[PDB]
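Each chain, letter by letter, is given below.
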Amino acid sequence: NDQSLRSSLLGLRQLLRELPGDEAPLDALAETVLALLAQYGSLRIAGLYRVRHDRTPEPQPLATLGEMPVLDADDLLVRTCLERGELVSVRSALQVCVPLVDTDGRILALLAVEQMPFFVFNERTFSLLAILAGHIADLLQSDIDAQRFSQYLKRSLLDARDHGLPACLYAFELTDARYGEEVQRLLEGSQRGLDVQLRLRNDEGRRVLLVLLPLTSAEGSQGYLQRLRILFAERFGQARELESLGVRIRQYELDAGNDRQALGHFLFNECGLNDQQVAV
Amino acid sequence: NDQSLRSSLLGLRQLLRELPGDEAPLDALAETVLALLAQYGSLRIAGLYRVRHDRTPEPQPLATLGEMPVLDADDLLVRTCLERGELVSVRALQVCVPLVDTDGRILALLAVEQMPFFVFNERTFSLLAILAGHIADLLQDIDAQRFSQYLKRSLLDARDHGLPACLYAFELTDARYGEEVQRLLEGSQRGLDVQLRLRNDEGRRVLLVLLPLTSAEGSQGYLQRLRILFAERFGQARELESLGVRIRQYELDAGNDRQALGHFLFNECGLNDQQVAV
Amino acid sequence: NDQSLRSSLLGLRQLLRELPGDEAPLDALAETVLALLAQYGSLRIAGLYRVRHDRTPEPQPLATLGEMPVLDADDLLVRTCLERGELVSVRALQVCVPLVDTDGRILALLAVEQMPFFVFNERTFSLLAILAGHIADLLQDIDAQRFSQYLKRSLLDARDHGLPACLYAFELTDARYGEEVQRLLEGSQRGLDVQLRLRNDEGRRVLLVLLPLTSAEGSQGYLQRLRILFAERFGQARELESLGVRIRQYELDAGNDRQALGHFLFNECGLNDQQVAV
Amino acid sequence: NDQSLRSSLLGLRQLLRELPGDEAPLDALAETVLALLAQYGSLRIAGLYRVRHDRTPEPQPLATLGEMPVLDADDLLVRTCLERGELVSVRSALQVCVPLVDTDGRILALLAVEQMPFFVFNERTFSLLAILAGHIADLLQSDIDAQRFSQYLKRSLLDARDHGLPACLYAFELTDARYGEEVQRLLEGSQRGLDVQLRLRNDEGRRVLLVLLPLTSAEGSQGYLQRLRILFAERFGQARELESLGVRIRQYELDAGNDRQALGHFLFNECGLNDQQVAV
Ligand SMILES: [Mg+2]
Ligand SMILES: [Mg+2]
Ligand SMILES: [Mg+2]
Ligand SMILES: [Mg+2]
Ligand SMILES: [Mg+2]
Ligand SMILES: [Mg+2]
Ligand SMILES: [Mg+2]
Ligand SMILES: [Mg+2]
Ligand SMILES: [Mg+2]
Ligand SMILES: [Mg+2]
Ligand SMILES: [Mg+2]
Ligand SMILES: [Mg+2]
Ligand SMILES: [Mg+2]
Ligand SMILES: [Mg+2]
Ligand SMILES: [Mg+2]
Ligand SMILES: [Mg+2]
Ligand SMILES: [Mg+2]
Ligand SMILES: [Mg+2]
Ligand SMILES: [Mg+2]
Ligand SMILES: [Mg+2]
Ligand SMILES: [Mg+2]
Ligand SMILES: [Mg+2]
Ligand SMILES: [Mg+2]
Ligand SMILES: [Mg+2]
Ligand SMILES: [Mg+2]
Ligand SMILES: [Mg+2]
Ligand SMILES: [Mg+2]
Ligand SMILES: [Mg+2]
Ligand SMILES: [Mg+2]
Ligand SMILES: [Mg+2]
Ligand SMILES: [Mg+2]
Ligand SMILES: [Mg+2]
Ligand SMILES: [Mg+2]
Ligand SMILES: [Mg+2]
Ligand SMILES: [Mg+2]
Ligand SMILES: [Mg+2]
Ligand SMILES: [Mg+2]
Ligand SMILES: [Mg+2]
Ligand SMILES: [Mg+2]
Ligand SMILES: [Mg+2]
């Protein structure tokens with residue numbers, strides 16, 4: 001399936017890591033950020049603007065696309081976007097404004113779109129742009145904590161709503177104290193891409209590894225479980241399966257149909273975790 | 001300073017490194033590869049097709065976008081494309097973009113049935129072809145051969161598309177530091193950078209470092225990283241020249257005369273054509 | 001676990017790296033070289049002499065310890081020493097120790113007029129010769145040749161003196177990680193360790209790493225450093241085998257049969273005798 | 001001249017840097033430390049012992065040489081050595097005891113010598129052993145501060161007394177504000193081996209670089225100044241000398257004849273520094 005989004009973010013994540021510490025990342029990566037948003041939105045004319053502490057934009061663009069006019073801070077789209085911290089569209093001398101907002105609610109920057117074609121001017125594309133902008137904002141703010149894990153969860157919740165993209169959450173319960181340490185080792189070993197992991201003990205005292213796969217469909221997670229069973233068979237041979245080593249696999253999909261209510265049930269009732277271990 | 005292409009390729013390289021080795025890369029990444037091309041061309045209807053060893057396309061698509069009609073392998077645009085190993089446009093389909101590596105093997109075919117008028121131009125065709133060519137390379141003396149293939153790619157990017165690359169040649173003249181300094185230099189490598197260790201005709205260590213999709217100016221980040229790594233090992237006070245490091249730079253751009261690069265590598269750096277192909 | 005010899009050589013290597021290139025190394029370090037030998041033999045009266053291209057010693061000493069008498073080049077101990085290229089003792093002088101590199105070129109001569117009875121034995125002669133041989137090397141395909149010279153040294157240390165060395169062969173089987181992992185492995189190199197990048201007969205990256213004056217057991221520090229560097233890049237969770245790294249170990253000791261090392265390099269590692277000499 | 005001592009310490013310094021952080025350095029390098037002391041003292045029978053917080057030795061040796069007898073904590077040499085923190089000799093069932101003592105006065109370890117030959121049983125060799133033991137103790141305690149610099153100075157003072165080895169102290173005064181920044185850059189560049197450097201401003205407001213060459217004779221420093229003039233001619237050509245760029249070279253030798261009294265005069269009166277900049 002189409003993993004261009006994860007791929008784009010992994011690539012950008014690598015770029016950020018290669019940055020010389022001299023210069024704010026928003027400034028260094030401005031043109032790249034705008035280009036990525038333009039690629040995802042099929043944008044024709046747009047600008048990328050720093051947003052100040054007072055939630056107003058700096059009108060001198062960090063980067064522009066096409067013949068972008070001077071930014072008008074009185075524009076209704078600009079004002080509604082920055083006041084509410086949400087994507088806004090005419091669906092104003094602009095067509096859509098997308099804020100780059102981190103999970104703490106802080107607006108780092110603003111994408112103002114002057115022109116984008118009718119065939120991408122819709123809630124599906126708007127959602128993609130919003131997801132990409134929020135994930136970029138998260139990356140810009142970055143330099144196994146339960147605290148951090150909870151933030152990644154929050155982002156995936158934001159991703160999942162509306163025309164938004166789902167995420168998958170695995171809970172590997174190590175019910176057999178004999179093969180517990182071993183199996184946990186295999187599991188952490190298998191992190192790849194954007195996987196995020198957290199080690200906990202459930203209410204039975206058993207080791208539980210939570211694995212969040214952001215921006216991952218059911219099809220994408222089925223594949224994840226298969227890479228896993230592959231590795232399992234690499235250390236332990238084909239004879240034995242994960243389930244034979246006392247591993248209980250629980251799965252929850254973050255999608256449009258559910259939200260924080262169902263996420264808590266899964267974690268606190270099905271997984272035997274508590275509100276103090278993971279913050280929903 | 002727009003690094004989106006480099007960033008897209010870096011993401012792809014990571015997806016590749018971390019897939020199970022049971023599925024051929026083209027097949028596992030098809031939908032992803034088509035999505036990326038579609039973004040670069042604002043494509044609306046298109047298909048991605050495997051090309052066989054004999055420059056014929058398999059009929060059944062690896063991925064499609066929009067209501068893509070059945071591919072007609074006898075299509076004028078298709079045949080001319082696969083015959084030339086090059087992007088062809090109508091200046092039934094609108095554009096064909098082959099995915100061809102630096103050796104000329106066609107891995108796949110992008111068949112475009114519909115894209116908007118406002119992107120139906122050479123600047124856009126250029127981008128599609130560059131992206132296609134770098135994807136093909138990702139999907140495809142061993143070390144010297146690899147380096148020369150990548151060098152060839154950057155020569156294409158530059159002459160065919162006006163996209164820059166930067167080549168550094170580091171000569172290490174002090175045998176007392178050469179080994180260690182060489183390894184430090186190598187540690188400066190960014191994601192898509194490629195490098196080659198050599199001995200020149202004076203017996204000296206030479207490191208060639210190619211920065212694709214990078215201008216002489218935009219390679220200042222690379223150099224800064226390099227000066228940081230050195231300063232960590234030897235202190236911020238010690239100069240690279242005191243360690244016997246000579247630095248030479250060569251920017252790849254459509255501008256150079258066609259003998260310059262050969263002059264730089266063979267005549268200035270004292271290398272030969274069993275070490276690097278130009 | 002006594003690393004004093006390695007530490008003495010490391011200090012010498014640094015003195016060398018940081019002298020101005022106007023003075024020949026033997027001459028600038030003479031007093032230092034004699035002091036070190038004198039320590040290893042509890043020498044009381046001795047001289048250090050340059051040996052000419054024709055295996056004759058220059059009469060005037062580079063350095064002396066105690067009331068060293070004029071050197072008689074016709075001295076039985078001197079001639080036999082320089083003729084053999086080996087340490088000779090009286091079992092006018094007591095011991096002659098040549099400084100000879102792995103190619104058999106005699107750089108210098110240690111002439112001992114007096115040392116105590118309690119150190120006049122093979123165990124001591126052994127140490128003097130090992131020290132002398134490693135100093136000579138410091139004072140003296142280019143990379144493959146260098147590596148094979150060092151390999152030869154460690155074979156001498158082991159067979160002539162019962163001093164251990166350890167050889168690791170790392171084969172990188174996953175092309176997706178090979179380049180990066182190779183560089184990480186190379187970063188594990190300690191002061192006097194020597195290493196060589198190769199491609200085996202299956203086309204795979206191979207890193208050979210020699211740890212002189214190091215036992216299989218005492219090479220655990222090296223491995224630990226290696227596992228720390230990997231854990232920094234890939235996390236403490238990721239296994240080297242998951243990155244396609246195969247590790248083989250070969251301990252150099254007087255014990256192996258004389259065909260083992262050749263079997264290990266050529267037959268097990270798939271290398272050839274243009275890549276490594278055994 | 002004979003730089004075996006500096007060489008030994010540079011080598012040991014490199015060994016310590018190669019150590020995996022897992023294990024106290026005294027424990028990891030014990031055999032090497034004992035071997036180095038044995039090499040410098042021509043020792044025949046000896047042991048290396050940890051010294052505890054209470055200034056008593058742990059009788060189980062970290063390392064031994066020859067047929068070393070059990071350590072007797074009642075031995076007069078052992079007791080006098082540890083009580084005074086100084087080398088002691090019969091010049092007791094032992095012949096000499098050398099404490100490994102850092103500049104803060106802390107005894108890390110003890111070298112007990114059962115047998116060493118008459119031809120090294122003398123104050124010259126005793127001094128060498130003491131210097132080596134103190135320098136090793138300093139290295140064991142290590143993980144441009146004026147505070148650190150002052151410690152290095154103190155060690156060289158300790159080194160210089162009695163049958164001890166001298167050190168040289170350079171003070172490069174940059175009298176010409178035109179070529180000041182440039183020349184200072186060259187000077188810091190030239191640190192090699194055990195050089196220790198400190199940047200200060202003197203009482204005229206001029207940049208002054210202090211350079212301490214530990215365990216360095218006058219002959220050894222003459223060579224240092226020549227490496228320097230060589231580098232100077234590398235950046236600035238042969239035409240101009242250091243002195244033409246406003247560099248005033250002051251020199252003081254730490255030797256047996258002087259001590260802290262003369263060191264202060266040089267620093268505070270000839271160099272125009274003060275007691276607050278460097279602590280003598
Ligand atoms: Mg993109
Ligand atoms: Mg107004
Ligand atoms: Mg409008
Ligand atoms: Mg619980
Ligand atoms: Mg659901
Ligand atoms: Mg770029
Ligand atoms: Mg990508
Ligand atoms: Mg396959
Ligand atoms: Mg096909
Ligand atoms: Mg499809
Ligand atoms: Mg190397
Ligand atoms: Mg590099
Ligand atoms: Mg790197
Ligand atoms: Mg570019
Ligand atoms: Mg770049
Ligand atoms: Mg950069
Ligand atoms: Mg760099
Ligand atoms: Mg720079
Ligand atoms: Mg060119
Ligand atoms: Mg070639
Ligand atoms: Mg050793
Ligand atoms: Mg030494
Ligand atoms: Mg010379
Ligand atoms: Mg001579
Ligand atoms: Mg002499
Ligand atoms: Mg490399
Ligand atoms: Mg290594
Ligand atoms: Mg290293
Ligand atoms: Mg050894
Ligand atoms: Mg060792
Ligand atoms: Mg070690
Ligand atoms: Mg290591
Ligand atoms: Mg280990
Ligand atoms: Mg052997
Ligand atoms: Mg060879
Ligand atoms: Mg020694
Ligand atoms: Mg008592
Ligand atoms: Mg006694
Ligand atoms: Mg002052
Ligand atoms: Mg004096």
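Residues numbered from 1 in each chain as written, not as in the entry; some residues may be left out. Chains lettered and ligands numbered in written order. Heavy atoms only, no water. Residues with missing side-chain atoms left out of burial classes, pairs and counts.

- In the PDB header, X-ray crystallography is given as the technique by which the entry was determined, and 2.102 Å as its resolution.

### A look at the sheet that holds strand 3 (residues 88-89) of chain B
All names here are of chain B.
- Read from one edge to the other, the open sheet built from five strands follows the order 2-1-5-4-3, with strand pairing classed as antiparallel. Unpaired on one side and paired on the other, strand 2 (63-65) and strand 3 mark the two borders of the sheet.
- Two strands pair when backbone bridges link them, and strand 3 and strand 4 (residues 95-100) are joined in this way by two bridges, in the antiparallel orientation. In the sheet register, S89 faces strand 4, and the bridge partner there is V95.
- Strands strand 3, strand 4 and strand 5 (106-114) of the sheet are contacted by helix 3 (residues 76-84), whose axis makes an angle of about 30° with strand 4. (Pairing = 2+ DSSP bridges. Helix = DSSP H or I, 4+ residues; strand = E, 2+ residues; numbered from the N terminus. Contact = heavy atoms within 4.5 Å. Axes fitted to C-alpha atoms, helices over the stretch in contact; angles between N-to-C directions.)

### Things to note about the coordination of the magnesium ion (ligand 6)
Residue and element names in this part refer to chain B.
- Protein coordination at the magnesium ion (ligand 6): the donors are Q3 (OE1) and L213 (O), at 2.6 to 2.8 Å from the metal.
- Between the two metals, the magnesium ion (ligand 6) and the magnesium ion (ligand 14), the spacing is 3.9 Å.
- Of the residues examined, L213 reaches a relative accessible area of 14% and is grouped as buried. (Donors = N, O, S within 2.8 Å, 3.2 Å for Na, K, Ca; no water. Buried < 20%, exposed > 50% of the residue type's maximum accessible area, 1.4 Å probe, protein only.)

### A short note on the pairing of strand 7 (residues 196-201) of chain D
- Note that strand 7 of chain D and strand 8 (residues 207-213) of chain D share six bridges and pair antiparallel. Residue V196(D) lies in a different strand from strand 8 of chain D, and its bridge partner there is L212(D).

### Side note on helix 5 (residues 146-160) of chain A
- In this model helix 5 of chain A runs 21 Å from its N-terminal to its C-terminal C-alpha over 15 residues, within 8% of the 21 Å that 1.5 Å per residue would give.
- Positive backbone phi, at 75°, marks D162(A), one or two positions downstream of helix 5 of chain A. (Expected span 1.5 Å × (residues − 1).)

### Quick notes on the packing of helix 4 (residues 122-139) of chain C against helix 5 (residues 142-161) of chain C
Residues and elements named next belong to chain C.
- The interhelical angle for the contact between helix 4 and helix 5, taken along N-to-C directions, is 175°, at an axis separation of 11 Å. By the angle class used here, helix 4 and helix 5 are roughly antiparallel. Contacts from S126, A129, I130, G133, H134 and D137 of helix 4 reach helix 5 at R153, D157, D160 and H161. (Parallel < 35°, antiparallel > 145°, perpendicular 65-115°, else oblique.)

### Description of the sheet that holds strand 2 (residues 63-65) of chain A
Residues and elements named next belong to chain A.
- Taken together, five strands build an open sheet; the order of strands is 2-1-5-4-3 and the sheet is antiparallel. Every other strand in the sheet has two partners, leaving strand 2 and strand 3 (88-89) as the edge strands with one partner each.
- Where strand 1 (residues 45-50) meets strand 5 (residues 107-115), six bridges bridge the pair, whose relative direction is antiparallel. In the strand pairing of strand 5, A46 is matched with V113.
- Against the sheet, helix 4 (residues 123-140) makes contact with strand 3, strand 4 (96-101) and strand 5, and its axis sits at roughly 30° relative to strand 4, the strand it touches most.

### Observations concerning the interface of chain A and chain B
- Contacts between the two partners involve 28 residues from chain A and, on the opposite side, 31 residues from chain B.
- Elements with a contribution of two residues or more to the side of chain A that touches chain B: helix 1 (4-18) and helix 2 (25-41) of chain A.
- Looking at which element gives the most residues to the side of chain A that touches chain B, the answer is helix 1 of chain A, with nine residues.
- Across the side of chain A that touches chain B, the residue classes break down as eleven nonpolar, ten polar and seven charged. (Nonpolar A, V, L, I, M, F, W, Y, C, P; charged D, E, K, R; others polar.)

### Thoughts on unusual backbone geometry
Residue and element names in this part refer to chain A.
- Positive phi, normally seen in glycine, also occurs at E23, with a value near 125°.
- Unusually for a residue other than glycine, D162 sits at a positive phi of about 75°.
- Secondary-structure assignment places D162 in the loop between helix 5 and strand 6 (167-174).

### Some words on the pairing of strand 8 (residues 205-211) of chain C
Residue and element names in this part refer to chain C.
- In terms of burial, strand 8 is largely enclosed, as seven of its seven residues are buried.
- By the bridge criterion, seven bridges tie strand 6 (residues 165-172) to strand 8 in an arrangement that is antiparallel. In the sheet register, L167 faces strand 8, and the bridge partner there is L210.
- Relative to strand 8, strand 7 (residues 194-199) runs antiparallel, the two sharing six bridges. Along strand 8, the bridge assignment pairs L198 with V206.
- Counting the residues in the hairpin turn of strand 7 and strand 8 gives five residues, including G203, whose phi is positive at 85°.

### Topic: the packing of aromatic side chains
- Summed over all chains, the structure comprises 22 aromatic pairs over all chains.
- The interplanar angle of 20° and the centroid separation of 5.5 Å between the aromatic rings of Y170(A) and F172(A) together place this pair among those described as stacked. Judged on exposure class, the residue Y170(A) and its partner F172(A) are both buried.
- Considering the side-chain rings of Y177(B) and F234(B), the 6.3 Å spacing of their centres and the 80° angle between planes classify their relative orientation as edge-to-face. Here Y177(B) is found in the loop between strand 6 (165-172) and helix 6 (178-186), whereas its partner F234(B) is found in helix 7 (residues 220-234), with 57 residues between them in sequence.
- Residue classification places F234(B) among the partly exposed positions, given a relative accessible area of 22%. (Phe/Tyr/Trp six-rings, centres within 6.5 Å; stacked < 30°, edge-to-face > 60°.)

### Observations concerning the domain arrangement of chain B
All names here are of chain B.
- According to the domain assignment, chain B consists of domain 1 (1-141) and domain 2 (142-278).
- Between domain 1 and domain 2, the C-alpha centre-to-centre distance is 31 Å.
- Across the boundary between the two partners, domain 1 contributes 17 residues, which contact 17 residues of domain 2.
- Mapped onto the side of domain 1 that touches domain 2, the elements with two or more residues apiece are helix 1 (4-17) and helix 4 (122-139).
- Looking at which element gives the most residues to the side of domain 1 that touches domain 2, the answer is helix 4, with six residues. (Domains from an automatic or database assignment.)

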